[PDB]
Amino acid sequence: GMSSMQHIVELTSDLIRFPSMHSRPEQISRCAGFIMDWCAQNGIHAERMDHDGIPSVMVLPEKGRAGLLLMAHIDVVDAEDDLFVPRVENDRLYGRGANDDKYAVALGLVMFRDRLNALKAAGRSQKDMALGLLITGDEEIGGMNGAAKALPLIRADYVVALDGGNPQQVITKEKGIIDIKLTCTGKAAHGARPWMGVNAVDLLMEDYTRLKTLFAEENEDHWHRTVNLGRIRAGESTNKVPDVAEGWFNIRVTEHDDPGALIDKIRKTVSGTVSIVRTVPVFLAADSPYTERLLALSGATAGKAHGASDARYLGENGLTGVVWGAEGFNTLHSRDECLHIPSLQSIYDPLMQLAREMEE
């Protein structure tokens, strides 16, 4: 018989082979179908939902409920083709999704199987489980059709979003997001006589300089608000002075940067008009005896992360939880993406003990 550790690496490797990028929606779907089949072949009842083309799989003690809910996702960021061929080197598994986030999917699936098999041997059944899984297909694009739709269906006592941190760091804080569009209006003219116009790109550049002044803080841990000019658009014809320029900025906020105040200050600082595209709140984990117990069981300490996750949906659903994960050496979203294989046990052991303590 194969070890659970080896089962997880094998399953993770299988999942990696689906190039489940958002530009390949049928691959996200097929990867979810593979999961449904894996559950089926293991005697595990799972339920699939699909919302506006995004699949989520729920693997629960019973419909609508779990004790300890593990939340993970099967969508991945873009990679070149070679990163969809998993490989092991020394104690590392390499590939897109090795640490973000297919190992977590594999780990939760194996944990569920393992514990269900133990309960069955004792004459108990899936309804006796405390552990449940939520596996979604759109975390990388903000979770609107995945976690946002699935979480309202699940009464859970505690949620671990297995998509961040490391074995020593349970994430209790993540930066929020304000995406804005700045529109600068100049004056059209013929490119043959451009002194008769006012180039709206030059205006947008002047505003960008001004906007950067509100993002002047720096420190070693980069724990401060940041701004990123993600997209710019101006003009159509090469030979006209453009009269409208648009820049889309991705602002990240700490818990101390009130978004409303910051929006007001930005509007006072720039000459162009500022529209708000979307906000994502800072994640602040609720105080919980489950968190204290997880820290005791794991030896991790509470930490903070730059990126937002599906943990942003816990509060709107009155759920409590944290972000956690195995060791990826900060290689997420890169060609070097890997998983430290031995670190799987560091996650499995405390989560399994927690789940068992939560059983009746």
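All residue numbers refer to positions in the sequence shown, first residue = 1.
The question of which stretch, 328 to 336 or 26 to 34, has the higher mean Cα B factor is settled in favour of 328 to 336. Stretches 214 to 222 and 135 to 143 differ in mean CA B factor, with 214 to 222 having the higher one. Across the residues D202, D287, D114, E174, the deposited record lists the maximum Cα B factor for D287.
Comparing C-alpha B-factors across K102, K265, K187, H256 in the deposited entry, the largest value falls on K187. Placement of the Cα temperature factor of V59 within the chain: middle third of the modelled residues, per the deposited record.
Ranked against the other modelled residues of its chain, the C-alpha B-factor of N42 as given in the entry falls in the lowest third.
The PDB entry assigns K127 a C-alpha temperature factor belonging to the highest third of its chain's modelled residues. Per the PDB record, residue ranking by Cα B-factor puts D81 in the highest third of the chain. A355 sits in the highest third of its chain by CA B factor, as recorded in the PDB entry.
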